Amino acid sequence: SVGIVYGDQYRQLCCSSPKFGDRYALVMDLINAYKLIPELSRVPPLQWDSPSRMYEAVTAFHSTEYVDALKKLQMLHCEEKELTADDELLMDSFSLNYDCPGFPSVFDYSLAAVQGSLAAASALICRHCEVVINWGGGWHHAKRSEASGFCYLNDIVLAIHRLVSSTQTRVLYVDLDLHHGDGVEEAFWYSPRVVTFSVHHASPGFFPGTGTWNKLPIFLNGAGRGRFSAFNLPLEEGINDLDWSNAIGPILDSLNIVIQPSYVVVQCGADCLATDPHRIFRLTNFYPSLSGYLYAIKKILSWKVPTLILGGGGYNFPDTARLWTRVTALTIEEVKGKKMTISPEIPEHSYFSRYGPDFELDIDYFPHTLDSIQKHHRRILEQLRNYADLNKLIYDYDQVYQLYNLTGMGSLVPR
């Protein structure tokens, strides 16, 4: 059973932010126009029995004071009058400004992603779905008491918290977004049962600045009982589908062999696409060379582990919809063993005109030694050996070796 989070008020709320506009509607309507919706079990967003139980949900991670401020910020923007000087200072103390502005639905918008991702986690826990997709979720930058990068509430941390708290349970979190998932990584920095792994761009001045090097420089990788449980693969700009795929594949499989997660949570932000306005990575949604996204999603799904698939970044809205519609059809193929054929021409529906000038499903893009990252593979596998050692897990050197030996790189695997 493949689940997906949708609902009438859920779509209105998801589409009510100044930065993301109607992106969620495009995604779900393109999925709908390709007739995928009948294949999928609709997962209704969680609702609560009182503000108290809701406040209790959100404050499992977020400070009560930051939640109150996020609520006040919404009420303020729904009245005509301006913020007082004290209002200003309180919002700034929570970074409720600049790149995380207030707007009339900012709290309802932020809560909706939490409702969706918590409901998604619950459908996995009680084994109603093997996989659940939430294209309204994935806000990986939000901190305990800080908004960041248009992330006001961290649905991912809250969904993971519910998975680990369900009745030796380990979660593997995989962050494919163009940006470092600092918010998820920071929340579980001291926790061995949530192993985070983000692949991303990092360069000086690039948001948010972490997920890379810090006497020679070093990678911090978690602390205390969490030492070695935070993994990062920072990559230079310009990477294509094959090199990104080759970069994370063996790492993904090695993490799965050693962590043995009970659940996998995948943040699947689409700003790595070549046609994203960031213009940094050069990934595609192509499907016969092959989209590194689809390659990674197919590999994770092959592990047969209950999985949550989340959205995230993606600022070319039509191309984000093209990629996540393919990710959704792939998930249906892999889980249900059911062939999903997707016509190259965008079907008739009410957002058809946004897919111009081509109205095709492939993004409108033409892909065209020394850039290798074998010392990162070696660093990360030694980190994996340390994690297994510190947590007294089996480390199957032979299985990890054979994997990397498929690409002639067994010599990077430590014993």
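The first residue of the sequence shown is number 1, and the count goes up from there. C-alpha atoms forming the largest set that superposes within 1.5 Å between two forms make up the rigid core.
- Rigid core fits of the other structures in 9 other deposited structures of this protein place the C-alpha atoms of one stretch farther away on average; of 372-380 and 345-353, that stretch is 372-380.
- Looking at the other PDB entries for this protein, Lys338 is present in the model in all of those that include the residues around it, rather than absent from a third.
- In at least a third of the other PDB entries of this protein that model the residues around it, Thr167 has no coordinates.
- Unmodelled stretch separating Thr167 from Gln168: 4 to 9 residues (count of deposited-sequence residues without coordinates).
- The stretch of deposited sequence separating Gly224 from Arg225 contains no residues lacking coordinates in this entry.
- When the C-alpha B-factors of 14-22 and 390-398 are averaged, 390-398 comes out higher.
- Taking the mean C-alpha B-factor of each stretch as recorded, 139-147 and 318-326 are not equal, and the higher mean is that of 139-147.
- Per the deposited record, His368 carries the highest C-alpha B-factor of all listed residues (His368, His377, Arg42, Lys35).
- Going by the entry's values, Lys336 shows the largest Cα B-factor out of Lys298, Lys336, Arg162, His179.
- Annotation for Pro344: CA B-factor lies in the middle third of the chain's modelled residues.
- Placement of the Cα temperature factor of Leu46 within the chain: lowest third of the modelled residues, per the deposited record.
- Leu30: CA B factor in the middle third of modelled residues in this chain (values from the PDB entry).
- In this PDB entry, the Cα temperature factor of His128 sits in the top third of its chain's modelled residues, the highest group.
- Per the deposited record, the Cα B-factor of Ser254 falls in the lowest third when ranked against the other modelled residues of its chain.
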